[PDB]
Amino acid sequence: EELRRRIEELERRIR
Amino acid sequence: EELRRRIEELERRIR
Amino acid sequence: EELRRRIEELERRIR
């Protein structure tokens with residue numbers, strides 16, 4: 001969950 | 001693999 | 001650590 005949520009937040013901003 | 005591939009796709013776009 | 005550090009480097013650039 002920890003790293004998944006951080007990836008998900010980056011994806012909203014970039015993709 | 002799941003999270004690795006998503007990081008790899010973000011890296012292509014940013015770095 | 002591997003994937004964490006890569007996420008951390010992306011976060012510095014985006015957020």
# chains A, B, ... in the order shown; residues from 1 in each chain; ligands from 1

$ closest_atom_pairs --of "chain C" --to "chain A" --cutoff "10 Å" --atoms "only C-alpha atoms" --output "CSV"
residue,atom,partner,partner_atom,distance
C:3,CA,A:3,CA,8.2
C:4,CA,A:3,CA,6.9
C:7,CA,A:7,CA,7.0
C:8,CA,A:6,CA,9.1
C:10,CA,A:10,CA,8.0
C:11,CA,A:10,CA,7.3
C:14,CA,A:10,CA,7.4
C:15,CA,A:10,CA,8.1
